[PDB]
>>> print(open('query.tsv').read())   # TSV, N, CA and C atoms
chain	number	residue	atom	x	y	z
M	1	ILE	N	-6.00	32.37	-0.77
M	1	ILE	CA	-5.38	31.24	-1.45
M	1	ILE	C	-5.64	29.95	-0.69
M	2	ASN	N	-5.63	28.84	-1.41
M	2	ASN	CA	-5.88	27.52	-0.83
M	2	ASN	C	-7.38	27.30	-0.64
M	3	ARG	N	-8.03	28.23	0.07
M	3	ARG	CA	-9.47	28.17	0.35
M	3	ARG	C	-9.96	26.73	0.56
M	4	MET	N	-11.25	26.51	0.37
M	4	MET	CA	-11.84	25.18	0.54
M	4	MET	C	-12.66	24.81	-0.68
M	5	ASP	N	-12.32	23.69	-1.30
M	5	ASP	CA	-13.04	23.23	-2.49
M	5	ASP	C	-14.31	22.49	-2.10
M	6	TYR	N	-15.36	22.68	-2.88
M	6	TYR	CA	-16.64	22.03	-2.60
M	6	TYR	C	-17.23	21.40	-3.86
M	7	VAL	N	-18.31	20.64	-3.67
M	7	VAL	CA	-18.98	19.97	-4.78
M	7	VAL	C	-20.27	19.32	-4.27
M	8	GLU	N	-21.29	19.27	-5.12
M	8	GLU	CA	-22.57	18.68	-4.75
M	8	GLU	C	-22.88	17.48	-5.63
M	9	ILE	N	-23.23	16.36	-5.01
M	9	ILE	CA	-23.56	15.14	-5.75
M	9	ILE	C	-25.07	15.00	-5.88
M	10	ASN	N	-25.53	14.90	-7.12
M	10	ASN	CA	-26.96	14.77	-7.40
M	10	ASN	C	-27.47	13.42	-6.92
M	11	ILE	N	-28.08	13.41	-5.74
M	11	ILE	CA	-28.62	12.19	-5.16
M	11	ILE	C	-30.15	12.25	-5.19
M	12	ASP	N	-30.80	11.11	-5.00
M	12	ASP	CA	-32.25	11.05	-5.01
M	12	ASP	C	-32.77	9.95	-4.10
M	13	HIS	N	-32.48	8.70	-4.45
M	13	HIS	CA	-32.93	7.55	-3.66
M	13	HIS	C	-32.57	7.73	-2.19
M	14	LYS	N	-32.91	6.73	-1.38
M	14	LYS	CA	-32.63	6.77	0.05
M	14	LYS	C	-31.15	6.57	0.31
M	15	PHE	N	-30.34	7.52	-0.17
M	15	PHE	CA	-28.89	7.46	0.00
M	15	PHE	C	-28.49	8.02	1.36
M	16	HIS	N	-29.00	9.21	1.67
M	16	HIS	CA	-28.69	9.88	2.93
M	16	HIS	C	-28.79	8.92	4.11
M	17	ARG	N	-30.02	8.54	4.46
M	17	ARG	CA	-30.26	7.63	5.58
M	17	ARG	C	-29.28	6.46	5.56
M	18	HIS	N	-29.14	5.84	4.40
M	18	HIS	CA	-28.23	4.70	4.25
M	18	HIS	C	-26.81	5.10	4.60
M	19	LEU	N	-26.36	6.23	4.07
M	19	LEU	CA	-25.00	6.72	4.32
M	19	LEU	C	-24.83	7.09	5.79
M	20	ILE	N	-25.61	8.06	6.25
M	20	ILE	CA	-25.53	8.51	7.64
M	20	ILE	C	-25.65	7.33	8.59
M	21	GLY	N	-26.31	6.27	8.14
M	21	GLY	CA	-26.49	5.07	8.96
M	21	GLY	C	-27.47	5.34	10.09
M	22	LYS	N	-27.14	4.86	11.29
M	22	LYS	CA	-27.99	5.05	12.46
M	22	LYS	C	-28.37	6.52	12.61
M	23	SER	N	-27.40	7.34	12.99
M	23	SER	CA	-27.63	8.77	13.17
M	23	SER	C	-26.46	9.57	12.61
M	24	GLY	N	-25.90	9.09	11.50
M	24	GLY	CA	-24.78	9.77	10.86
M	24	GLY	C	-23.46	9.28	11.44
M	25	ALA	N	-22.70	8.54	10.64
M	25	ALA	CA	-21.41	8.01	11.07
M	25	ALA	C	-20.43	8.01	9.90
M	26	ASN	N	-20.88	7.49	8.76
M	26	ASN	CA	-20.05	7.43	7.56
M	26	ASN	C	-19.47	8.80	7.25
M	27	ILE	N	-20.27	9.84	7.45
M	27	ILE	CA	-19.83	11.21	7.19
M	27	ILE	C	-18.49	11.47	7.87
M	28	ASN	N	-18.26	10.80	8.99
M	28	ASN	CA	-17.01	10.96	9.74
M	28	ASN	C	-15.94	10.04	9.18
M	29	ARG	N	-16.35	8.87	8.70
M	29	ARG	CA	-15.42	7.90	8.14
M	29	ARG	C	-14.62	8.53	7.00
M	30	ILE	N	-15.33	9.22	6.10
M	30	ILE	CA	-14.69	9.87	4.97
M	30	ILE	C	-14.02	11.17	5.41
M	31	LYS	N	-14.76	11.99	6.16
M	31	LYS	CA	-14.24	13.26	6.65
M	31	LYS	C	-12.86	13.08	7.27
M	32	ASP	N	-12.63	11.89	7.83
M	32	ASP	CA	-11.35	11.58	8.46
M	32	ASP	C	-10.47	10.78	7.51
M	33	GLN	N	-11.06	9.76	6.89
M	33	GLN	CA	-10.34	8.91	5.95
M	33	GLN	C	-9.79	9.73	4.79
M	34	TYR	N	-10.63	10.62	4.26
M	34	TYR	CA	-10.23	11.47	3.15
M	34	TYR	C	-9.93	12.90	3.62
M	35	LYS	N	-9.98	13.13	4.93
M	35	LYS	CA	-9.71	14.45	5.49
M	35	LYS	C	-10.56	15.50	4.77
M	36	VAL	N	-11.80	15.15	4.48
M	36	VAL	CA	-12.72	16.05	3.80
M	36	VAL	C	-13.88	16.42	4.72
M	37	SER	N	-14.89	17.09	4.17
M	37	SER	CA	-16.05	17.50	4.95
M	37	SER	C	-17.34	17.08	4.25
M	38	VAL	N	-17.73	15.82	4.44
M	38	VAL	CA	-18.95	15.30	3.83
M	38	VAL	C	-20.13	15.49	4.77
M	39	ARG	N	-21.19	16.11	4.27
M	39	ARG	CA	-22.38	16.36	5.07
M	39	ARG	C	-23.64	15.96	4.31
M	40	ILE	N	-24.53	15.25	5.00
M	40	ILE	CA	-25.78	14.80	4.40
M	40	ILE	C	-26.91	15.77	4.77
M	41	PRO	N	-27.45	16.51	3.78
M	41	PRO	CA	-28.54	17.46	4.02
M	41	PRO	C	-29.87	16.73	4.19
M	42	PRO	N	-30.58	16.96	5.31
M	42	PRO	CA	-31.86	16.30	5.58
M	42	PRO	C	-33.03	16.99	4.90
M	43	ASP	N	-34.24	16.59	5.28
M	43	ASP	CA	-35.47	17.15	4.72
M	43	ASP	C	-35.37	17.30	3.20
M	44	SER	N	-35.84	16.29	2.48
M	44	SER	CA	-35.82	16.30	1.02
M	44	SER	C	-37.24	16.15	0.50
M	45	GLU	N	-37.47	16.56	-0.74
M	45	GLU	CA	-38.81	16.47	-1.33
M	45	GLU	C	-38.74	15.90	-2.74
M	46	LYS	N	-38.22	16.70	-3.67
M	46	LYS	CA	-38.11	16.28	-5.06
M	46	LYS	C	-36.81	15.54	-5.31
M	47	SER	N	-35.71	16.28	-5.34
M	47	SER	CA	-34.40	15.68	-5.58
M	47	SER	C	-33.49	15.87	-4.37
M	48	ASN	N	-32.43	15.08	-4.31
M	48	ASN	CA	-31.47	15.16	-3.22
M	48	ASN	C	-30.13	15.67	-3.73
M	49	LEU	N	-29.29	16.13	-2.81
M	49	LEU	CA	-27.97	16.66	-3.17
M	49	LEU	C	-27.11	16.78	-1.93
M	50	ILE	N	-26.07	15.95	-1.83
M	50	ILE	CA	-25.17	15.98	-0.68
M	50	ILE	C	-24.11	17.05	-0.88
M	51	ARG	N	-23.64	17.62	0.23
M	51	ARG	CA	-22.62	18.66	0.18
M	51	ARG	C	-21.26	18.09	0.59
M	52	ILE	N	-20.30	18.19	-0.32
M	52	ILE	CA	-18.94	17.70	-0.06
M	52	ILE	C	-17.94	18.82	-0.28
M	53	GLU	N	-17.07	19.04	0.70
M	53	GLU	CA	-16.06	20.09	0.61
M	53	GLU	C	-14.83	19.72	1.42
M	54	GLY	N	-13.66	19.95	0.84
M	54	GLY	CA	-12.40	19.65	1.50
M	54	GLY	C	-11.31	20.60	1.01
M	55	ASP	N	-10.18	20.04	0.60
M	55	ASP	CA	-9.08	20.86	0.11
M	55	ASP	C	-8.26	20.11	-0.93
M	56	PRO	N	-7.54	19.05	-0.53
M	56	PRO	CA	-6.72	18.27	-1.47
M	56	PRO	C	-7.57	17.38	-2.36
M	57	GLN	N	-6.91	16.53	-3.14
M	57	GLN	CA	-7.62	15.61	-4.02
M	57	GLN	C	-8.67	14.82	-3.24
M	58	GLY	N	-8.45	14.70	-1.93
M	58	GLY	CA	-9.36	13.97	-1.06
M	58	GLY	C	-10.82	14.36	-1.28
M	59	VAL	N	-11.09	15.66	-1.36
M	59	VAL	CA	-12.47	16.12	-1.55
M	59	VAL	C	-13.05	15.60	-2.86
M	60	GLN	N	-12.26	15.63	-3.93
M	60	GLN	CA	-12.72	15.16	-5.23
M	60	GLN	C	-12.74	13.63	-5.27
M	61	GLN	N	-11.88	13.01	-4.47
M	61	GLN	CA	-11.81	11.56	-4.41
M	61	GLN	C	-13.03	11.00	-3.68
M	62	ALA	N	-13.24	11.47	-2.45
M	62	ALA	CA	-14.38	11.03	-1.66
M	62	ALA	C	-15.67	11.37	-2.38
M	63	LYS	N	-15.67	12.50	-3.08
M	63	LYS	CA	-16.84	12.95	-3.83
M	63	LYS	C	-17.23	11.90	-4.86
M	64	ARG	N	-16.32	11.60	-5.77
M	64	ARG	CA	-16.56	10.61	-6.81
M	64	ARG	C	-16.78	9.23	-6.20
M	65	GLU	N	-16.09	8.97	-5.09
M	65	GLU	CA	-16.20	7.69	-4.40
M	65	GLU	C	-17.63	7.45	-3.94
M	66	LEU	N	-18.28	8.52	-3.49
M	66	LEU	CA	-19.66	8.44	-3.02
M	66	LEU	C	-20.61	8.25	-4.19
M	67	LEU	N	-20.44	9.07	-5.22
M	67	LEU	CA	-21.29	9.00	-6.40
M	67	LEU	C	-21.21	7.62	-7.05
M	68	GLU	N	-20.14	6.88	-6.76
M	68	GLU	CA	-19.95	5.55	-7.32
M	68	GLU	C	-20.31	4.48	-6.30
M	69	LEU	N	-19.52	4.38	-5.24
M	69	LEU	CA	-19.76	3.39	-4.19
M	69	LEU	C	-20.94	3.80	-3.32
M	70	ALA	N	-20.96	5.07	-2.92
M	70	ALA	CA	-22.03	5.59	-2.07
M	70	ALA	C	-22.16	4.76	-0.81
M	71	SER	N	-21.03	4.28	-0.30
M	71	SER	CA	-21.01	3.47	0.91
M	71	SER	C	-21.10	4.35	2.14
>>> encode(input="query.tsv", output="structure tokens")
Amino acid sequence: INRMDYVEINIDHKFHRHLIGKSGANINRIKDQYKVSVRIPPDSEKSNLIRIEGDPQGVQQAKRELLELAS
């Protein structure tokens, strides 16, 4: 019960690098701000897809927040 909720955002453009910033930082901003687990998967070819997983609404909030703001 409770487990951990996850979701993948269909990304493509240079979102990862932009998000991770220098060497990955934003991933922590949300992971802490939204108490979620946002991770940027490297090595891409055709399409991109970030992995987001948390528990409370935070995971779904940060998820949609990225797909929209993608800050």
>>> atom_distance(input="query.tsv", atom1="atom N of residue 38 (chain M)", atom2="atom N of residue 52 (chain M)")
5.9 Å
>>> closest_residue(input="query.tsv", among="M:43, M:15, M:27, M:36", to="residue 56 (chain M)", atoms="all atoms listed in the file")
M:36
>>> closest_residue(input="query.tsv", among="M:62, M:55, M:9, M:46", to="residue 28 (chain M)", atoms="only C-alpha atoms")
M:62
>>> atom_distance(input="query.tsv", atom1="atom C of residue 49 (chain M)", atom2="atom C of residue 2 (chain M)")
22.4 Å
>>> residues_around(input="query.tsv", residues="residue 53 (chain M)", least_positions_apart="2", cutoff="8 Å", atoms="only C-alpha atoms", output="list in words")
residues 4, 5, 6, 7, 36, 37, 38, 51, 55 and 59 of chain M
